[PDB]
Amino acid sequence: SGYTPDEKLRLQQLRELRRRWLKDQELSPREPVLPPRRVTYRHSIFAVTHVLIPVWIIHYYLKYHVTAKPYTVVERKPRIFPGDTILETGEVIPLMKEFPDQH
Amino acid sequence: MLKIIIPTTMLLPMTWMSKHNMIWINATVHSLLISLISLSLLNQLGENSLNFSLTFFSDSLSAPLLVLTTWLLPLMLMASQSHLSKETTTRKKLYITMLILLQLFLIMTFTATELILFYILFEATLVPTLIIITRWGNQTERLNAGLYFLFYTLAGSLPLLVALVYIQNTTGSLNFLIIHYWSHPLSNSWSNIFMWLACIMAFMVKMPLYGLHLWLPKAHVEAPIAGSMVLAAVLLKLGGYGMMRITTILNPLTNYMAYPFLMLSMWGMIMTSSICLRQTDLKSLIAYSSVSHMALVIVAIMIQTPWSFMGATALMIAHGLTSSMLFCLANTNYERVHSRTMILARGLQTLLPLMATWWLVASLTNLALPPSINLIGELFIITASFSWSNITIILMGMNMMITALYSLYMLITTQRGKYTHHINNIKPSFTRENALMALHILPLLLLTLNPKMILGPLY
Amino acid sequence: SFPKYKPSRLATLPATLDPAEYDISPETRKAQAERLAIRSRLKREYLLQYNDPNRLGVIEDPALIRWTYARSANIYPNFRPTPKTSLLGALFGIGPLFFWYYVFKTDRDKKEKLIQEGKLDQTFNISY
Amino acid sequence: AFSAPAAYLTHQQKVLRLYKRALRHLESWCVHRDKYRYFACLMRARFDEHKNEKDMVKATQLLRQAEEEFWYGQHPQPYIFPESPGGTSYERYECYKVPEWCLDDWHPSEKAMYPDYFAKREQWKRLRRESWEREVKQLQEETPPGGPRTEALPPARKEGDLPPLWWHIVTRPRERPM
Amino acid sequence: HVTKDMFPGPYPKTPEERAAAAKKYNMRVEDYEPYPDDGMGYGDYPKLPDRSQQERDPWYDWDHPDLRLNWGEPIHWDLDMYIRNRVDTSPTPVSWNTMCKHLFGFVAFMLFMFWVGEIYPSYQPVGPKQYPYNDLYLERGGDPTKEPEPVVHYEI
Amino acid sequence: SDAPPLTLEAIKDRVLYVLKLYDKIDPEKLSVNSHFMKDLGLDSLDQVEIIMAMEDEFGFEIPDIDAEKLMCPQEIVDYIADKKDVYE
Amino acid sequence: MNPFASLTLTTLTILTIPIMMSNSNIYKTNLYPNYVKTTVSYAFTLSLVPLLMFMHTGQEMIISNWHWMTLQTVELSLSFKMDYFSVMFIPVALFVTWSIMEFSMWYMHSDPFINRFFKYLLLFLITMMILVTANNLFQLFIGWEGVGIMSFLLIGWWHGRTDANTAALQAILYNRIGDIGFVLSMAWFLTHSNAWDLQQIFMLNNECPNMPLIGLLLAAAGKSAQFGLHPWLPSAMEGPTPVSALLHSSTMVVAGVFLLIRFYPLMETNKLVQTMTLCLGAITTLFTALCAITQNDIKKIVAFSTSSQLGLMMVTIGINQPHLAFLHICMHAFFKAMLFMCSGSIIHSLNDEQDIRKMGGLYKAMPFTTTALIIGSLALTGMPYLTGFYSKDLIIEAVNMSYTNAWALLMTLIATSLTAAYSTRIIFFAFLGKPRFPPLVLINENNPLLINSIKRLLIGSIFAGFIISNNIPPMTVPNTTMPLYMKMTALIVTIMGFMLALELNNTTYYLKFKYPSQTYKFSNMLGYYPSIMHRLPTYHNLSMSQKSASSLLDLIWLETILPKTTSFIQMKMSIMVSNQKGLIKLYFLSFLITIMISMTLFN
Ligand SMILES: CCCCCCCC/C=C\CCCCCCCC(=O)O[C@H](COC(=O)CCCCCCC/C=C/CCCCCCCC)COP(=O)(O)OCCN
Ligand SMILES: CCCCCCCCCCCC(=O)SCCNC(=O)CCNC(=O)[C@H](O)C(C)(C)COP(=O)(O)O
């Protein structure tokens, strides 16, 4: 078994060439010659430019344009429980039938 | 309407008197200006129409097609700019003249107050495209493709002339307004059956109907890029426009004469889609996808309901844009590999990433992803067919499934995997090609925001 | 003795279980040698064309061209009308069409009969 | 992979491959190391019993029943190394492998970056240009007539000569380029 | 660069043209086998083994590593059917018939047992749930101008 | 990943380390250039088991055609270095 | 006015800002992942407020803000529904996504395209939010397709790998099979109810027929990977670990169950459809647990665990307990995401090694991962007073106390036992034995990103179940009284599975080698479902697509009928007409014949 002599020499030469090519693949310290030319604080500027502005725009749009038309923004009727009072009208819900309480 | 026709006619003396190295620049600039002018036609009324004169008029169905036809020409010029580099100036001027004549004929075809004028121009369009295919064609089969494309259409359209002259002799006019207003029912007679067949076959052969579609893959493979562009975007919609206009006089016969055709489409849109799964040519694959989409449009037109008509119009526009984009991509690959086979160039996303993005967007549009207008038309037609019969959905669903498959197939074979080693002439993508793709895709996503412009007169 | 493995079209027989590989004759060795010989000649010519710095194109593959031409344009000249092809074409091109026609005609006739009889409950059916 | 194949497979090579594959699948079955070692020495014990067999007919009749028995008990979910042709990362990095010739299409602004690398690249190009011209003649004078009989390449024999067909083996992209 | 004579042609009838076609396709005469001479236009093209592309040797240095093909070798008629992204015919540890029988039996038994459980259900030793105002007639559908038949619930 | 860039020295050290853990071969007799069949009197099954141990040690498996002609430790290290593309 | 609407829309609005900034300069630097993670955290902490408002009062709202178009009597407008389900699922999804992105900032550090990966994750999150908050069928379909296409893009992350591409195509295929039913439901609803808005569908359908609910069930089965269409979810593990952890374990997959929850008023009026849902869920959960029992890859095992959990949620849907199913969605999110994160940490620590045969004693080598996985497995298996307790225990209680299938009940009980069994399998084969990895030890967890991401979900999986269960208002009639044996049946089957699995895994130390049983083989190959169902149909389609579709019909007979027959006839007639020798003898003979014929025939 094993390599034939031609195989060993070919593999050796190919491997030396491969190592030389791979060594050429490295970068000199000056290799990336970048040409320069121009024309909490981060968290605060983020919370301002990424939260406050969108919520301002959305609130304006919903308050003055979306709600201008009927039925666009419609709300679930709040639950009414006995004994409650209503801000708009002022009447009070009469209590229940005093169920027999035990355990 | 003359404000669109006259500049298109003036495009010819401009092209012929231009400098030997400035034809493309002026042609593109003035084509874009004409498109901008034609953008005004989108302003439509819920009433009858914009009747400009006794000879031309516009509708909410003709307006999108006219705008697309006017927008197409700059894209065709940019596509043809590359492969005509080594051509004599006179022959380049001839090619641009053929494109301008084809656009002019389509523009006056889509208005066409009177049916005989519509037929005259709709048959006149056959000449410039035939010359384009048979003259500036790469392969030796361009002659056979031209013969097929010419003779299918001529055989279909010759009985239409007899039917139209017979209509004019009996009713007295072929003006579309008088035809709609004085419409009368068609009795169930053999004479009326052959009348219906003559009136319908001419347009159904150009859609193309399944079984009459043999000419399309040939005429798509052997044509140059501009020919494939124009024949995939607008020239297929001539049949749909014709059926939409002519069906007003075929009732109530169409209620039962449409059965043979519907099946041919309902099965056909499946069969051709399956054909797309096993294809070694990009152009053949896109041609068969076009056949499937136009079969679905045929079903929509034959159903004859409002939702069907709006869906068919939207699908026509979306299919035209997407098919032209896909053919532009295939031609860009061909101009690098010169092979036009699917399995040779592989792993192109590793080499051309922005072109890979364009491929992904084109495939997603062809895949009918929401909320694109492709899906709007597809869904409208599917719902209308469901109302026609609850079983149709099955076939429809299958087609949709298969559709996605082959689209992603076309995306995966060409762009993913390992690049072929022995192709090293893959130059970076030019700015011209990228601009072409952007000008293809941005109008689709813009029309997605205002669907009512492409939903036809029944909106 | 152990349960036998039955190969199928969609699950082929493993190369290690083939009795043919065990039946060794000098003819088989000659056949394998000439197979590897033609393979090596093709590989040599491909590599010679591939490693040449002068070439800046696509290596034309005659096998790929032959495959595509045979798939696309060599069907009809080699096509002969036979009872098998005629019967298969008639079936696969006419049967589905008439079958779907019958299905849809029956469905629509039933729906029309229900509409004429009035017992369909088409309330809220506004868009069609 | 690197080694050119032979026209056929010898009985010794086949039995070595059966031993390798059976040992791997047994390791897959016996998860723990000590149990694996125990059954592996048992496997070697049942494997070398027919080492000294002489005639070809019985030897060929053997290694066949063994293959069938292995097929019946092959552990349908074996352990596969991650980079193996069946592993979880067989072709993970094939998308980061990019040919060298694409660097011929870089804009001069990009070529301005990394000047030493590109100077070395032109040196490699000139070396390949000369070595190819030498290699064509070396290969045509070396090849037997009637076409090569095997896909094995001869090495270099002169002083400045390089191995034939070396460019696309030496300049492989990398195993893990990015 | 391709000439007219190396393109695929008609079905070979004499051994001379059979050997010529085998030489054209870069394969041995004894290994060459065209498709049968029926109406289908397979013609000259060779009937390669129906083996899939997945089970090809993964260690051979192919010219196309992804598709595992070599340059210049004859291409299967259905290559696009076996591209390792589609149907493959690699051998499986269990025979095809056994796998089909086992899955079909499992699914059929599952459906039968589900139907049987539908026939013989499971519940609790309780009576039907009682709702106050005539099984909630007013809040379920309505129709307040009909006065339905009252239903009273039994207190135990 | 965070995998250190192992070198030729490291690979040779690992190979000799695993070889020395093999009791069938003497630690003193083995060298970087020592053959298995002749310089150590091993069997073919011994070579395939040594290849097994190398595969298990380094986490990748060597194809059989390449492993069958890997007869000495130095060429084992060379094959591993070529496969993993290590510079020095 | 009413900050509910403003905040609920603001969360979705600010979730899209980095997508717009993807063309800016920050996308070309290494700070983009931190930017996206910070944006997600801010979105989560902002979305926490409407949930609090609902908890206080019970606020619900529909916002129909943009009017897209009007089609005769139908009106399509951009409408968001912000009911209990949306305002509860948004914070959980945002929390899970924040943890996943923080983990991915460590897991995917070496990937050259990491900014694209974060961009893709954010896009998937946006599409999922669109799906969840949708009020009409068109917007819901938009989200349905967006999550699917984003899953296709993320599974095939390594496009140089064939298996990733085929897995992504498989996922697309099964999701389109579900899309068939979704489109059928949309067509039915617009044809009959004349609207796609949910309110009109609810009003006009008091007794929903079978067809729309059949379509919805098909869509839910397709997207949730039920028994008929299961293999795509386990095969979807070709993608990166972070993607699998969030997209396939806790968020995108639950889309089908969420869709069935959205239409629960119509589901309760149909008795057949509920039976089909229950049966499909039972078969799904048992088949997936059986498969997971013998699997050897950790990711595949957890994928099958997720499929079993989805089947259990569908079972809950079948017995008419939608709110319980939603609660189980919320809990499964937490502990399944943590399990996937711990698994991915182990793979990254063992040099991209996924098999459990080559990983041994990690209990002491990496303690935080061990304790996190232990807590996640305890919560998954129904350990009381944990996150998974409040959902799974109530599922077991309700399925045991309802007029339902006996086979389905047995099936979910066996599924729970097998869940305990495969959790024990994971722990035993991953943490207890002796090490089995290559000598080069690279084990290290000392990275604050991974530690924080794991511990956040760990605190969640301890406390969030109790918090959510104690904060939401009651939604169903409770089961107050139980027989004692039926009350503890969940714990009983849990400990039975634990003990049996531990006993079976203890025998692997024995020096006995036996060939695998037939039942075991069936379980390993996933019931042979992936084999035949990925070989028999596809082939039988593709061959036809080449034989009948193109060659026989298009290339042979359709060419024979019209073109070739006409050409042959015309050529033959031309040959007959033109073939004259030029002799005037025959010419004048024919002249005489036609003269006599004209004289004798036309008069
Ligand atoms: C791809 C190739 C397709 C080519 C077109 C196929 C359709 C052919 C249409 C029929 C041909 C003749 C149309 C005649 C024009 C319509 C005029 C009309 O309908 O008037 C009728 C006349 O109708 C006719 O005369 C038609 C007779 C047909 C003669 C030609 C036969 C051509 C072949 C017919 C069968 C094929 C048609 C379908 C082919 C499908 C495509 C393959 C009434 O006339 P009167 O006599 O005054 O009324 C009687 C009461 N006093
Ligand atoms: C769970 C898996 C079950 C699988 C079990 C399979 C059954 C195992 C039992 C197989 C029995 C046999 O060997 S079948 C016996 C077949 N006949 C011979 O082996 C005769 C000559 N042997 C050789 O030549 C070898 O290579 C040898 C000399 C050993 C090496 O040589 P080197 O190294 O010097 O090269």
# chains A, B, ... in the order shown; residues from 1 in each chain; ligands from 1

$ closest_atom_pairs --of "chain G" --to "ligand 1" --cutoff "12 Å" --atoms "only C-alpha atoms and all ligand atoms" --output "CSV"
residue,atom,partner,partner_atom_place_in_ligand_line,distance
G:558,CA,ligand 1,42 (C),11.4
G:561,CA,ligand 1,42 (C),9.5
G:562,CA,ligand 1,42 (C),7.6
G:563,CA,ligand 1,1 (C),9.4
G:566,CA,ligand 1,2 (C),10.9

$ write_last_selection --atoms "N, CA, C and O atoms" --output "short mmCIF file (atom, residue, chain, number, x, y, z; two decimals), in the first residue's frame"
data_model
loop_
_atom_site.label_atom_id
_atom_site.label_comp_id
_atom_site.auth_asym_id
_atom_site.auth_seq_id
_atom_site.Cartn_x
_atom_site.Cartn_y
_atom_site.Cartn_z
N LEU G 558 -50.38 17.94 -29.58
CA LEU G 558 -50.85 19.29 -29.89
C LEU G 558 -50.13 19.85 -31.11
O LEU G 558 -50.69 20.66 -31.85
N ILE G 561 -51.83 17.84 -34.27
CA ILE G 561 -53.20 18.12 -34.70
C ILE G 561 -53.27 19.33 -35.62
O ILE G 561 -53.58 19.20 -36.81
N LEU G 562 -53.00 20.52 -35.08
CA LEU G 562 -53.20 21.73 -35.89
C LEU G 562 -52.07 21.99 -36.89
O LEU G 562 -52.34 22.03 -38.10
N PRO G 563 -50.81 22.18 -36.45
CA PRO G 563 -49.79 22.66 -37.39
C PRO G 563 -49.33 21.62 -38.40
O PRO G 563 -49.27 21.89 -39.61
N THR G 566 -51.99 20.42 -41.06
CA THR G 566 -52.20 21.45 -42.07
C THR G 566 -51.01 21.53 -43.02
O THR G 566 -51.18 21.62 -44.24
#

$ residues_near_ligand --ligand "ligand 2" --cutoff "9 Å" --atoms "only C-alpha atoms and all ligand atoms" --output "PyMOL selection string"
(chain A and resi 1) or (chain D and resi 11-16+18-19+21-27+29+43-56+58-75) or (chain F and resi 37+42-48) or (chain G and resi 515)

$ atom_distance --atom1 "CA of residue 293 in chain G" --atom2 "CA of residue 96 in chain G"
27.0 Å

$ residues_around --residues "residue 2 in chain B" --least-positions-apart "6" --cutoff "12 Å" --atoms "only C-alpha atoms" --output "list in words"
residues 8, 9, 10, 34, 37, 38, 52, 53, 55, 56, 57, 58, 104, 107, 108 and 111 of chain B

$ select_by_dssp --residues "chain E" --states "helix (DSSP H, G or I)" --output "NGL selection string"
:E and (15-24 or 79-81 or 96-119)

$ interface_residues --of "chain B" --to "chain G" --cutoff "7 Å" --atoms "only C-alpha atoms" --output "NGL selection string"
:B and (211 or 271 or 274-275 or 277-278 or 369-371 or 383 or 386-387 or 393 or 397 or 401 or 416-418 or 459)

$ residues_around --residues "residue 147 in chain B" --least-positions-apart "3" --cutoff "10 Å" --atoms "only C-alpha atoms" --output "PyMOL selection string"
chain B and resi 130+134+141-144+150-152+215+219

$ write_last_selection --atoms "N, CA and C atoms" --output "PDB file, in the first residue's frame"
ATOM      1  N   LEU B 130     -43.120  40.522 -35.832  1.00  0.00           N
ATOM      2  CA  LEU B 130     -42.630  39.442 -36.681  1.00  0.00           C
ATOM      3  C   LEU B 130     -41.268  39.784 -37.265  1.00  0.00           C
ATOM      4  N   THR B 134     -37.861  37.655 -36.494  1.00  0.00           N
ATOM      5  CA  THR B 134     -37.223  36.933 -37.587  1.00  0.00           C
ATOM      6  C   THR B 134     -35.964  37.604 -38.120  1.00  0.00           C
ATOM      7  N   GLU B 141     -33.991  28.876 -35.535  1.00  0.00           N
ATOM      8  CA  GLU B 141     -35.408  28.566 -35.426  1.00  0.00           C
ATOM      9  C   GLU B 141     -36.273  29.815 -35.357  1.00  0.00           C
ATOM     10  N   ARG B 142     -35.673  31.002 -35.477  1.00  0.00           N
ATOM     11  CA  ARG B 142     -36.455  32.231 -35.449  1.00  0.00           C
ATOM     12  C   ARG B 142     -37.431  32.300 -36.615  1.00  0.00           C
ATOM     13  N   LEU B 143     -37.064  31.729 -37.763  1.00  0.00           N
ATOM     14  CA  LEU B 143     -37.962  31.726 -38.913  1.00  0.00           C
ATOM     15  C   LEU B 143     -39.205  30.891 -38.636  1.00  0.00           C
ATOM     16  N   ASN B 144     -39.018  29.698 -38.068  1.00  0.00           N
ATOM     17  CA  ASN B 144     -40.156  28.850 -37.731  1.00  0.00           C
ATOM     18  C   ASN B 144     -41.016  29.484 -36.645  1.00  0.00           C
ATOM     19  N   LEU B 150     -47.134  34.120 -36.667  1.00  0.00           N
ATOM     20  CA  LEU B 150     -47.952  34.798 -37.664  1.00  0.00           C
ATOM     21  C   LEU B 150     -49.191  33.983 -38.010  1.00  0.00           C
ATOM     22  N   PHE B 151     -49.016  32.690 -38.294  1.00  0.00           N
ATOM     23  CA  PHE B 151     -50.110  31.913 -38.859  1.00  0.00           C
ATOM     24  C   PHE B 151     -51.152  31.510 -37.830  1.00  0.00           C
ATOM     25  N   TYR B 152     -50.759  31.222 -36.586  1.00  0.00           N
ATOM     26  CA  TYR B 152     -51.767  31.000 -35.555  1.00  0.00           C
ATOM     27  C   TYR B 152     -52.710  32.193 -35.460  1.00  0.00           C
ATOM     28  N   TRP B 215     -47.343  28.203 -30.004  1.00  0.00           N
ATOM     29  CA  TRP B 215     -46.526  29.252 -30.596  1.00  0.00           C
ATOM     30  C   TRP B 215     -45.752  30.047 -29.551  1.00  0.00           C
ATOM     31  N   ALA B 219     -41.945  31.559 -29.774  1.00  0.00           N
ATOM     32  CA  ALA B 219     -41.815  32.986 -30.038  1.00  0.00           C
ATOM     33  C   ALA B 219     -41.150  33.703 -28.875  1.00  0.00           C
TER      34      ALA B 219
END

$ closest_atom_pairs --of "chain F" --to "chain G" --cutoff "12 Å" --atoms "only C-alpha atoms" --output "CSV"
residue,atom,partner,partner_atom,distance
F:1,CA,G:110,CA,6.7
F:2,CA,G:442,CA,8.5
F:3,CA,G:442,CA,8.1
F:4,CA,G:442,CA,9.6
F:6,CA,G:440,CA,11.2
F:10,CA,G:440,CA,11.7
F:14,CA,G:439,CA,10.2
F:17,CA,G:439,CA,11.7
F:18,CA,G:439,CA,10.8
F:53,CA,G:438,CA,10.7
F:54,CA,G:438,CA,10.6
F:55,CA,G:438,CA,9.9
F:56,CA,G:438,CA,6.8
F:57,CA,G:438,CA,5.8
F:58,CA,G:438,CA,7.0
F:59,CA,G:438,CA,6.7
F:60,CA,G:438,CA,10.4

$ residues_around --residues "range 189-202 of chain B" --least-positions-apart "6" --cutoff "6 Å" --atoms "only C-alpha atoms" --output "VMD selection string"
chain B and resid 156 to 157 159 to 160

$ interface_residues --of "chain D" --to "chain F" --cutoff "8 Å" --atoms "only C-alpha atoms" --output "count of residues only"
13

$ interface_residues --of "chain B" --to "chain C" --cutoff "8 Å" --atoms "only C-alpha atoms" --output "PyMOL selection string"
chain B and resi 259-260+263-264+267+280+305-307+337+384+387+389+391+422-425

$ closest_atom_pairs --of "chain D" --to "chain G" --cutoff "9 Å" --atoms "only C-alpha atoms" --output "CSV"
residue,atom,partner,partner_atom,distance
D:28,CA,G:357,CA,7.4
D:29,CA,G:513,CA,8.4
D:30,CA,G:508,CA,7.7
D:31,CA,G:357,CA,5.8
D:32,CA,G:509,CA,7.2
D:33,CA,G:436,CA,7.6
D:35,CA,G:511,CA,6.1
D:38,CA,G:511,CA,8.1
D:39,CA,G:513,CA,8.3
D:72,CA,G:515,CA,8.9
D:73,CA,G:515,CA,6.3
D:75,CA,G:516,CA,7.9
D:76,CA,G:524,CA,7.7
D:77,CA,G:524,CA,7.5
D:79,CA,G:355,CA,7.3
D:80,CA,G:355,CA,8.5
D:81,CA,G:353,CA,8.1
D:82,CA,G:353,CA,6.6
D:88,CA,G:238,CA,7.7
D:89,CA,G:352,CA,8.2
D:90,CA,G:161,CA,7.3
D:91,CA,G:161,CA,4.6
D:92,CA,G:161,CA,5.6
D:93,CA,G:160,CA,6.7
D:94,CA,G:160,CA,4.7
D:95,CA,G:160,CA,4.4
D:96,CA,G:160,CA,8.0
D:178,CA,G:112,CA,6.3

$ atom_distance --atom1 "CA of residue 70 in chain E" --atom2 "CA of residue 8 in chain D"
18.7 Å

$ residues_around --residues "residue 304 in chain G" --least-positions-apart "3" --cutoff "7 Å" --atoms "only C-alpha atoms" --output "PDB file with C-alpha atoms, in the first residue's frame"
ATOM      1  CA  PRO G 234     -38.581  18.946  12.539  1.00  0.00           C
ATOM      2  CA  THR G 288     -44.665  13.546  17.855  1.00  0.00           C
ATOM      3  CA  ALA G 289     -43.984  12.327  21.402  1.00  0.00           C
ATOM      4  CA  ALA G 292     -39.157  12.358  20.132  1.00  0.00           C
ATOM      5  CA  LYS G 300     -34.797  17.438  16.642  1.00  0.00           C
ATOM      6  CA  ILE G 301     -35.943  16.274  20.081  1.00  0.00           C
ATOM      7  CA  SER G 307     -44.948  19.758  17.876  1.00  0.00           C
ATOM      8  CA  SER G 308     -46.419  17.711  20.734  1.00  0.00           C
TER       9      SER G 308
END

$ atom_distance --atom1 "CA of residue 6 in chain G" --atom2 "CA of residue 86 in chain G"
14.8 Å

$ select_by_dssp --residues "range 39-257 of chain G" --states "strand (DSSP E or B)" --output "short mmCIF file (atom, residue, chain, number, x, y, z; two decimals) with C-alpha atoms, in the first residue's frame"
data_model
loop_
_atom_site.label_atom_id
_atom_site.label_comp_id
_atom_site.auth_asym_id
_atom_site.auth_seq_id
_atom_site.Cartn_x
_atom_site.Cartn_y
_atom_site.Cartn_z
CA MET G 61 -60.57 48.52 20.97
CA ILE G 62 -60.72 48.30 17.18
CA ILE G 63 -58.75 50.91 15.22
CA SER G 64 -59.76 51.25 11.55
CA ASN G 65 -57.34 54.00 10.62
CA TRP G 66 -56.51 53.80 6.90
CA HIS G 67 -59.17 53.00 4.30
CA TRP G 68 -57.46 50.94 1.61
CA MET G 69 -60.26 50.60 -0.93
CA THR G 70 -63.96 49.96 -1.42
CA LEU G 71 -65.30 47.25 -3.73
CA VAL G 74 -67.31 45.67 0.65
CA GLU G 75 -64.86 48.00 2.40
CA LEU G 76 -61.22 47.04 3.00
CA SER G 77 -59.46 49.24 5.55
CA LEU G 78 -56.35 48.99 7.72
CA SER G 79 -57.87 47.80 11.00
CA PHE G 80 -56.07 46.63 14.14
CA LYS G 81 -57.81 44.60 16.84
CA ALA G 134 -55.06 41.93 12.30
CA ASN G 136 -59.74 41.40 8.81
CA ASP G 197 -64.10 42.17 8.75
#

$ interface_residues --of "chain C" --to "chain D" --cutoff "7 Å" --atoms "only C-alpha atoms" --output "mmCIF file with N, CA, C and O atoms, in the first residue's frame"
data_model
loop_
_atom_site.group_PDB
_atom_site.id
_atom_site.type_symbol
_atom_site.label_atom_id
_atom_site.label_comp_id
_atom_site.auth_asym_id
_atom_site.auth_seq_id
_atom_site.Cartn_x
_atom_site.Cartn_y
_atom_site.Cartn_z
ATOM 1 N N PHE C 2 -30.909 -14.021 8.081
ATOM 2 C CA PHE C 2 -31.565 -12.807 8.536
ATOM 3 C C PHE C 2 -32.571 -12.365 7.487
ATOM 4 O O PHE C 2 -32.454 -12.737 6.314
ATOM 5 N N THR C 16 -23.108 -2.869 -1.811
ATOM 6 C CA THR C 16 -22.417 -3.940 -1.104
ATOM 7 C C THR C 16 -23.160 -5.267 -1.156
ATOM 8 O O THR C 16 -22.547 -6.306 -0.891
ATOM 9 N N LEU C 17 -24.450 -5.264 -1.485
ATOM 10 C CA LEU C 17 -25.250 -6.481 -1.503
ATOM 11 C C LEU C 17 -25.452 -7.037 -2.907
ATOM 12 O O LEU C 17 -26.215 -7.992 -3.076
ATOM 13 N N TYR C 22 -19.411 -9.686 -6.979
ATOM 14 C CA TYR C 22 -18.630 -10.828 -6.523
ATOM 15 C C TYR C 22 -18.270 -11.777 -7.656
ATOM 16 O O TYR C 22 -17.257 -12.477 -7.561
ATOM 17 N N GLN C 32 -14.099 -2.651 -16.514
ATOM 18 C CA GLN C 32 -13.871 -1.601 -15.528
ATOM 19 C C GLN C 32 -12.640 -0.776 -15.877
ATOM 20 O O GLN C 32 -12.631 0.449 -15.699
ATOM 21 N N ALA C 33 -11.592 -1.429 -16.381
ATOM 22 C CA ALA C 33 -10.388 -0.707 -16.767
ATOM 23 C C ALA C 33 -10.671 0.271 -17.897
ATOM 24 O O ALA C 33 -10.225 1.420 -17.853
ATOM 25 N N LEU C 36 -12.754 3.259 -16.539
ATOM 26 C CA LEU C 36 -11.905 4.250 -15.894
ATOM 27 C C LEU C 36 -10.981 4.926 -16.897
ATOM 28 O O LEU C 36 -10.606 6.082 -16.702
ATOM 29 N N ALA C 37 -10.632 4.243 -17.988
ATOM 30 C CA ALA C 37 -9.787 4.854 -19.009
ATOM 31 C C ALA C 37 -10.507 5.995 -19.714
ATOM 32 O O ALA C 37 -9.944 7.082 -19.892
ATOM 33 N N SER C 40 -10.876 8.822 -17.346
ATOM 34 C CA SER C 40 -9.625 9.544 -17.163
ATOM 35 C C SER C 40 -9.307 10.422 -18.362
ATOM 36 O O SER C 40 -8.770 11.520 -18.199
ATOM 37 N N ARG C 41 -9.614 9.959 -19.576
ATOM 38 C CA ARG C 41 -9.379 10.803 -20.744
ATOM 39 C C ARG C 41 -10.272 12.039 -20.709
ATOM 40 O O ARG C 41 -9.811 13.157 -20.988
ATOM 41 N N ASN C 51 -7.419 24.558 -16.548
ATOM 42 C CA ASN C 51 -6.287 25.198 -15.890
ATOM 43 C C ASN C 51 -5.521 26.151 -16.799
ATOM 44 O O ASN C 51 -4.543 26.757 -16.350
ATOM 45 N N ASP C 52 -5.931 26.295 -18.049
ATOM 46 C CA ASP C 52 -5.225 27.167 -18.981
ATOM 47 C C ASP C 52 -5.503 28.623 -18.635
ATOM 48 O O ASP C 52 -6.668 29.038 -18.645
ATOM 49 N N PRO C 53 -4.484 29.429 -18.322
ATOM 50 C CA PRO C 53 -4.740 30.842 -17.995
ATOM 51 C C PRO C 53 -5.290 31.646 -19.156
ATOM 52 O O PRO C 53 -5.856 32.721 -18.928
#

$ residues_around --residues "residue 55 in chain E" --least-positions-apart "2" --cutoff "9 Å" --atoms "only C-alpha atoms" --output "count of residues only"
10

$ interface_residues --of "chain A" --to "chain G" --cutoff "12 Å" --atoms "only C-alpha atoms" --output "MDAnalysis selection string"
chainID A and resid 42:44 46:80

$ decode --residues "range 74-78 of chain A" --atoms "C-alpha atoms" --output "short mmCIF file (atom, residue, chain, number, x, y, z; two decimals), in the first residue's frame"
data_model
loop_
_atom_site.label_atom_id
_atom_site.label_comp_id
_atom_site.auth_asym_id
_atom_site.auth_seq_id
_atom_site.Cartn_x
_atom_site.Cartn_y
_atom_site.Cartn_z
CA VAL A 74 -64.67 52.26 18.45
CA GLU A 75 -64.37 51.15 22.07
CA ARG A 76 -65.66 48.19 24.04
CA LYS A 77 -68.39 49.25 26.43
CA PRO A 78 -66.97 49.31 29.98
#
